[PDB]
Structures are given as C-alpha cells and as structure tokens.
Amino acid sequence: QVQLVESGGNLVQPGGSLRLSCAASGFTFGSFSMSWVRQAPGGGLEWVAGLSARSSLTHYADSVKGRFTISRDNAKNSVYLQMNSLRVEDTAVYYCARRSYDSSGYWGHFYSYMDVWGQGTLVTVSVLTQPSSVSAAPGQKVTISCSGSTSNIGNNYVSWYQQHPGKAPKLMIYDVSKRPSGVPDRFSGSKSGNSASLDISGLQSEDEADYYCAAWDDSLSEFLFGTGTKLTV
C-alpha cells in the first residue's frame, strides 16, 4: 500500500550533477515532512536535506547547502533532489524517508521520526554516542545505549532504526517507547535524562544488524543519528 520508491542512482565525474526522485504511492506526500538521509562507505546515517509538510520550506545540512536543491512535485506526488557540484565525499547510498504525520505538526521536532523509507539508490562520484558493537547468544538479552546532552536527547524524543548492511533502514521504536505494527515485543525503548536505551530480549539470528538511535538537536536545529552499533548473534 503506502511506499516510497527511489530512482536515479548513477556514476558521475567530480563536479557533475544528478537528479534523484522519491515517488509516493498510497498517500499524499505533501501531507508529510520528509528527508533525504545518506550513508557513505563505512559510514553511519547522515541527514542531508528535507521538506516541511504542508509548506514548501526546505533545509539542508551544512555539508550540502548551496549545491543540493530539494523540491516537491505535487503533480507527480513526489520529491526530487538535484545534486550539483558533486564531490568524492558525496559518494553514498541516498535514502528518502517521510516523517510521520504525528511528527509533521506543531511538536514535530520533539517527536521527529521516519516511518516509511525508500529502497536506497547509490551515487558514485569518481554526537549521539553508542557502543561500537554488542554480542550475545540467541535467547540472550542485549542493551544498546545512546548518550547525548540537553539539546538532543535531553529535550526530544528518541527513535531507533534497524539496518541490515546495504539495505533500507527500518523504524523499530519511536516516541521513546512505541513499537510500530509488526515489530515484535522483544524490542523495547527507554529514555532517562541525556541517555536512551534499546533493549532486545530473546536475541534472534535475524536481529543481527546495525542499530542507530536518533533525535532532534535544538542547538543545531537538525535531526541527528547515532554513531551506530553493530549487533552480532
């Protein structure tokens, strides 16, 4: 039913340009805020650009301002990212993702979480702290901490994302402690002061993946991802 489908991943020479599309189906895209999130080789999740829901208001990460243009095409029910003056450090898989309805309104920054994710497309140009890794046997309990300061985790609600390598991230926990439909109750989320926790009881082999926390930061005025934790069973 509801999905986002990306297209346009290509190889470009340095200084070249490329346009990516993010097409919605099953819902009106303009009804939601949305973002582009990139992942460099060996890197974590990085917010790059986005649109506010009911306006056409844009913003961009500092590393990308002046070179990337985000726009909506309401006629095609889609969003585009025009990438000019591309650099080698721009090489990454780029995802688009919508922000939930419930985080697209007056308290959208407090709640900011992304429920529907694009497939990811590869462009080749040629301080939320988590443990590096955690491990346990199947059936064992695991805890993944996510630490910050007042501006991020202190003020805003935390979400958690599961990513098998090279695949689209998946929302596992939102608004600190909530699970979306279908996410098993083995997963639970916690917050206390400037730290949050993802607990996984009864480790299953399919849980082996990278896990990122995320929260809005009030001083940056930017959505932050954690450095990420590799979980092995």
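From 1 onward, residues are counted along the sequence shown.
The modelled chain breaks after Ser126 and resumes at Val127, leaving 10 or more residues of the deposited sequence without coordinates. Here 200-208 and 184-192 are compared by their mean Cα B-factor, and 200-208 comes out higher.
When the mean C-alpha temperature factors of 133-141 and 107-115 are read from the deposited coordinates, 133-141 comes out higher.
Of the candidates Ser177, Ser52, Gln39, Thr28, the deposited coordinates give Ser52 the top C-alpha B factor. Ranked against the other modelled residues of its chain, the C-alpha B-factor of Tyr95 as given in the entry falls in the lowest third. For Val5, the recorded CA temperature factor ranks within the lowest third of the chain's modelled residues.
In this PDB entry, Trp47 carries a Cα temperature factor that places it within the middle third of its chain's modelled residues. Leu11: CA B factor in the middle third of modelled residues in this chain (values from the PDB entry). The deposited CA B-factor of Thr232 belongs to the highest third of values across its chain.
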